[PDB]
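Quick note: residue numbers are just sequence positions, from 1. Atoms considered below: every heavy atom in the structure, side chains included; atoms not considered: hydrogens, waters and symmetry mates.
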Amino acid sequence: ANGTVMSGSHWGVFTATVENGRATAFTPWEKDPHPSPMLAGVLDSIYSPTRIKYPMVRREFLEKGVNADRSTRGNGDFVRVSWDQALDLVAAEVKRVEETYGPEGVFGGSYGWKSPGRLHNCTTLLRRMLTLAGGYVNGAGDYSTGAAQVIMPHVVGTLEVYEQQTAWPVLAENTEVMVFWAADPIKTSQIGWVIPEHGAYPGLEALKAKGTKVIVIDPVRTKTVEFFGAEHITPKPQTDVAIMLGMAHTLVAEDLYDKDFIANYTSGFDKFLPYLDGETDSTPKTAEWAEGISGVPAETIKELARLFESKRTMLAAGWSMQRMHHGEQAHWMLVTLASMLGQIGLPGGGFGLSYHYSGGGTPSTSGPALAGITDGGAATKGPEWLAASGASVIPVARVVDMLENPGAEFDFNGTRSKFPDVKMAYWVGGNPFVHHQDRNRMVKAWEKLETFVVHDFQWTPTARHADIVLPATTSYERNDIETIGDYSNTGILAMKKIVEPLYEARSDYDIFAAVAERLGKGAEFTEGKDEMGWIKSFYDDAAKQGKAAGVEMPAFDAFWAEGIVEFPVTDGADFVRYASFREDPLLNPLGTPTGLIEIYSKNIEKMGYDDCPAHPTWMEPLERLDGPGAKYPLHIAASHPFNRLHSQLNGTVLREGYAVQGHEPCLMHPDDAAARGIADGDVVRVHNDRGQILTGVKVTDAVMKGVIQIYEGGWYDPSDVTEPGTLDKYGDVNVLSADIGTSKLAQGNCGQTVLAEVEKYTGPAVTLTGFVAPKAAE
Ligand SMILES: NC1=NC(=O)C2=N[C@H]3C(S)=C(S)[C@@H](COP(=O)(O)OP(=O)(O)OC[C@H]4O[C@@H](n5cnc6c(=O)[nH]c(N)nc65)[C@H](O)[C@@H]4O)O[C@H]3NC2=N1
Ligand SMILES: NC1=NC(=O)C2=N[C@H]3C(S)=C(S)[C@@H](COP(=O)(O)OP(=O)(O)OC[C@H]4O[C@@H](n5cnc6c(=O)[nH]c(N)nc65)[C@H](O)[C@@H]4O)O[C@H]3NC2=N1
């Protein structure tokens with residue numbers, strides 16, 4: 001096999017060079033305006049030393065089954081087995097758990113970023129098989145906008161976080177002041193949930209070319225700051241709401257805010273005002289009060305408030321500030337501040353919660369939607385699940401609380417239910433042993449599972465902790481179809497097979513059709529179709545919709561031969577979010593009970609949640625930098641990796657470009673380094689009451705004083721899985737996070753509410769074992 005093949009991924013469209021059946025180079029699509037350097041690691045992930053070769057069974061589970069000693073999961077003691085033995089065993093375990101415990105005994109939430117592709121959607125495929133097996137417990141929401149996606153529907157009446165933004169070109173022509181609040185779009189625009197078009201880069205470039213004022217509010221001097229030479233505001237992490245309240249207070253005290261916009265488009269500001277003024281608690285939320293909490297100068301806070309009120313301003317907020325205790329307050333208070341500015345719905349004004357994600361704001365084309373295989377759920381009646389058997393769904397980040405407290409009650413967005421009693425967890429396309437908070441608690445809670453099954457193509461910590469590991473193929477070893485552009489709908493791509501499945505790896509589709517076949521539902525899982533039958537069915541449906549919309553597309557074979565279809569932009573570049581509501585709120589009301597922006601929410605008031613009041617409120621978090629009585633001195637900006645997609649690509653050649661002494665890097669301010677005797681490049685121990693990890697320090701004033709940056713996604717590498725609190729040799733920041741809910745409203749994760757201490761490491765030397773396969777899988 002010596003040629004070139006085009007395909008796509010979460011990092012973008014690309015062309016692979018193949019030489020005697022091996023992919024040797026991934027070259028970015030010629031129309032990608034800003035490719036990601038991570039493509040080199042994508043290619044490397046097909047072949048790296050942590051590629052999973054064969055199906056494996058954890059020796060203790062192979063020998064003892066449910067009586068296994070579960071405290072040794074993760075020690076790497078696996079036995080290689082044949083595909084037939086492993087499929088029989090997985091099918092027997094699914095049947096056994098379903099029969100013995102009901103669907104409530106099987107957790108199938110399997111949260112994860114997987115790979116794009118309408119056919120090879122491993123998490124949907126898992127659920128298609130589990131539906132056929134009798135059912136399963138699902139997850140609700142995600143780790144990205146756990147809080148924001150639940151509070152927005154109460155406030156603005158829509159999901160908001162995953163909806164199209166005012167178009168980039170409308171911003172270049174109308175916005176005078178662009179604010180990136182807790183957003184680093186240069187960093188996070190590299191990837192897409194579906195194939196990315198990188199539409200933010202030309203949008204950002206156009207703002208810079210127009211000379212538009214840009215202000216970044218972030219504890220770290222990011223590349224977004226650098227790109228624009230932006231005015232950079234450095235709040236102590238977790239104090240943005242106090243700053244917003246200080247700005248709002250200033251707008252009232254100086255009599256500047258838009259009273260008309262508040263009277264005509266919002267509901268409940270009159271119940272928020274007294275609190276803002278301090279009438280209810282003797283604590284006027286002044287700029288000075290906000291300086292006390294956040295560290296940002298009171299005069300800067302007022303000057304920003306005045307600037308935003310006097311110029312067409314776009315508040316482009318990111319999501320790290322809601323992935324925290326009381327996370328709901330952040331975007332609720334931002335919308336409240338934006339309502340006080342009165343520019344929601346005007347070209348270039350208001351707010352936007354997706355300018356830093358998957359091309360939000362890239363103009364949408366007139367093309368049709370593309371849909372892929374489904375879980376079969378809307379197809380034969382799932383039996384009756386009664387409340388006594390527990391909820392059939394949990395907020396995703398409550399997975400460990402669930403395992404630890406079967407039958408216990410939990411509150412979620414106005415409803416109380418009981419946790420189901422789960423005995424089996426099946427995970428594909430996700431890495432919970434890296435993405436979930438409080439690794440030491442989670443490691444212990446996993447002992448409640450009888451059986452844990454994982455499919456991946458990389459030996460992640462999650463694969464290392466499974467009882468049964470099945471090697472999946474990458475997208476580059478099969479064919480698929482997918483949209484380019486979560487919002488732009490730039491076109492549809494043929495994700496063409498580049499190389500044959502490596503080693504004994506199999507698509508998740510093939511695996512699940514095999515398990516389903518052993519359960520007696522083979523035909524039902526495949527629907528009588530094969531890989532191209534499924535792909536052509538999705539395409540044809542897309543084509544039928546396009547033909548009916550005046551966007552006719554070629555026949556399938558013709559589309560597949562070209563490898564792509566691109567669609568025309570009609571009016572998508574003119575899109576202004578909230579314009580129709582602004583233009584006539586009686587004709588175009590929002591989906592809230594009042595039809596208006598709810599600054600005070602009667603529906604939330606009725607829930608009676610102490611941690612989620614009925615108007616945006618400054619509440620003390622579990623821990624925050626310089627909080628009164630806080631134990632630990634440094635805030636960890638546990639944010640998204642520049643050179644990984646979460647944990648993805650950790651076990652590739654890219655790792656050498658950022659690792660420090662082989663460990664995940666930790667940014668630290670020179671003053672904080674010097675106070676601990678720490679030198680740039682030193683191995684340091686980062687620890688709190690929940691865990692301890694090793695990182696390699698990079699001393700830089702890019703991180704504000706009091707804050708260290710350790711990205712999420714590091715492959716957890718425990719020194720000894722049987723030792724509680726064991727040191728993590730590589731640097732998974734989730735060993736240090738707490739596992740608590742943003743509040744009772746959303747139950748989102750608080751992965752960025754983290755305080756810790758750092759010292760030069762003086763323990764025993766460490767050997768990294770997470771970047772090579774377990775000995776028996778070699
Ligand atoms: N402290 C902290 N701060 C954060 O900001 C933070 N972010 C959170 C968020 S928003 C997210 S979404 C999570 C990410 O958590 P997530 O589990 O989504 O992370 P990934 O590293 O994308 O794991 C995806 C896995 O799927 C595997 N895979 C890819 N394609 C396939 C396939 O076709 N088949 C199979 N079987 N496997 C496949 C990949 O190899 C990889 O191991 O981390 C969350 N955790 C976080 N913690
Ligand atoms: N390169 C890359 N890697 C990825 O893993 C990745 N993941 C994707 C996913 S699923 C999503 S959800 C998004 C995540 O998009 P999200 O906006 O949640 O990104 P983060 O990197 O967690 O935080 C963005 C910025 O917030 C700053 N910040 C942290 N705490 C605070 C705070 O208290 N106040 C303020 N004002 N700023 C704070 C951080 O320093 C960081 O620069 O990116 C997506 N894109 C991604 N790109």
Side-chain angles (χ1 to χ4, degrees), residues 66 70-71 73 97-98 100-111 130 134-143 146-147 149-151 323-328 382-427 430 432-433 435-452 465 604 606-612 619 621-622 689-691 724 734 737-751 753:
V66 307
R70 303 170 190 166
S71 70
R73 283 187 178 126
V97 175
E98 289 275 1
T100 305
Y101 300 114
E104 314 69 25
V106 176
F107 184 62
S110 194
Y111 186 86
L130 295 172
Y136 57 89
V137 181
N138 205 351
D142 59 53
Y143 283 74
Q149 82 187 236
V150 174
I151 180 62
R323 189 173 312 117
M324 296 177 173
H325 201 200
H326 308 116
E328 294 90 353
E384 220 219 8
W385 201 301
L386 201 65
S389 310
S392 66
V393 181
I394 47 146
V396 290
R398 301 275 67 64
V399 64
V400 160
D401 291 338
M402 174 187 68
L403 296 181
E404 287 173 338
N405 306 280
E409 285 186 308
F410 62 98
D411 289 310
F412 174 50
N413 205 19
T415 126
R416 312 204 111 200
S417 321
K418 296 172 184 168
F419 289 117
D421 185 357
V422 169
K423 305 291 191 178
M424 182 173 112
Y426 205 136
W427 228 287
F433 279 89
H435 78 230
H436 189 68
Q437 285 66 55
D438 195 351
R439 185 72 55 253
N440 298 306
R441 171 172 177 212
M442 174 189 160
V443 154
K444 177 64 169 198
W446 236 245
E447 293 189 9
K448 198 255 191 189
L449 298 163
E450 290 182 356
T451 305
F452 179 43
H465 283 71
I604 289 168
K606 284 149 215 154
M607 299 174 191
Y609 288 160
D610 296 350
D611 58 7
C612 191
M619 286 172 285
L622 173 60
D689 298 332
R690 299 171 293 261
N734 278 314
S737 52
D739 179 17
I740 62 165
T742 46
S743 63
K744 281 163 150 32
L745 195 80
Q747 303 282 9
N749 73 98
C750 299
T753 288

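To the nearest 0.5 Å, atom CZ of residue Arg439 and atom CZ of residue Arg441 are 12.5 Å apart. Rounded to the nearest 0.5 Å, atoms CG (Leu449) and CZ (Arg73) are 6.0 Å apart. Note that CD1 of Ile740 is 10.5 Å distant from CG of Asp438, once rounded to the nearest 0.5 Å. Taken from CE in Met424 to CD in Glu98, the straight-line distance is 7.0 Å, to the nearest 0.5 Å. Here the CZ atom belonging to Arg416 is positioned 14.0 Å from the CE atom belonging to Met607, to the nearest 0.5 angstrom. Rounded to the nearest 0.5 angstrom, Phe452 CZ and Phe433 CZ are separated by 5.5 Å.
With hydrogens and angles ignored, the 3.5 Å screen pairs a side-chain donor or acceptor of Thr742 with a backbone N or O of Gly748. Between the side chain of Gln437 and the main chain of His435, a donor-acceptor pair closer than 3.5 Å is present. Not one N or O on the side chain of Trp385 forms a donor-acceptor pair closer than 3.5 Å with the backbone of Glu104. Looking at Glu328, its side chain never comes within 3.5 Å of a backbone N or O of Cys612 through a donor-acceptor pair.
In plain terms, the two heavy atoms of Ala391 and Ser417 that are nearest each other are CB-CB, 3.9 Å. The shortest heavy-atom contact between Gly134 and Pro383 is O-CD, 4.3 Å. The two residues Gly146 and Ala746 make their nearest non-hydrogen contact at O-CB, 3.2 Å. Pairing each heavy atom of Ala445 with each of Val400, the nearest pair is CB-CG1, 3.8 Å. Residues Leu622 and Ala738 come closest through the heavy atom pair CD2-CB, 4.0 Å. Taking both residues in full, the closest heavy atoms of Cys750 and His325 are given as SG-N, 3.3 Å, listed atom of the first, atom of the second, then distance.
The closest side-chain heavy-atom distance from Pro395 to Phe412 is below 4.5 Å. Under the 4.5 Å side-chain criterion, counting only non-hydrogen atoms from C-beta, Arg690 is not in contact with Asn440. Considering only heavy atoms from C-beta on, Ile604 stays 4.5 Å or farther from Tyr609 through its side chain. Counting heavy atoms from C-beta outward, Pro420 and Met402 have side chains that approach closer than 4.5 Å.
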Working note: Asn413 + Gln747, criterion side chain to side chain donor-acceptor pair (under 3.5 Å); need CA distance, chi angles, decisive distance, verdict.
CA-CA 8 Å; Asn413 205 19; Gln747 303 282 9; over 6 Å; no
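Checked for salt-bridge contact, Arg398 and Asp411 miss the test: no charged N lies under 4.0 Å from a carboxylate O. Taking 4.0 Å as the cut-off between side-chain N and carboxylate O, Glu409 and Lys418 do not count as a salt-bridged pair.
Checking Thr451, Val97, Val422, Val137 one by one against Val106, the side-chain contact (heavy atoms from CB on, under 4.5 Å) holds for a single residue, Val97. Of the listed residues (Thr415, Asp401, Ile394), just one forms a side-chain contact (heavy atoms from CB on, under 4.5 Å) with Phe410, and that residue is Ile394.
Scanning for ring pair (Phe, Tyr, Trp, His ring centres under 6.0 Å) contacts around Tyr426 gives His455, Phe512, with sequence neighbours left out.
Other residues, nucleotides and ligands place no more than 12 heavy atoms under 6.0 Å from the NZ atom of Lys444.
Aromatic ring centres of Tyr143 and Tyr111 lie closer together than 6.0 Å.
Between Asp739 and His436, the side chains place a donor N or O and an acceptor N or O closer than 3.5 Å (distance only, hydrogens not considered).
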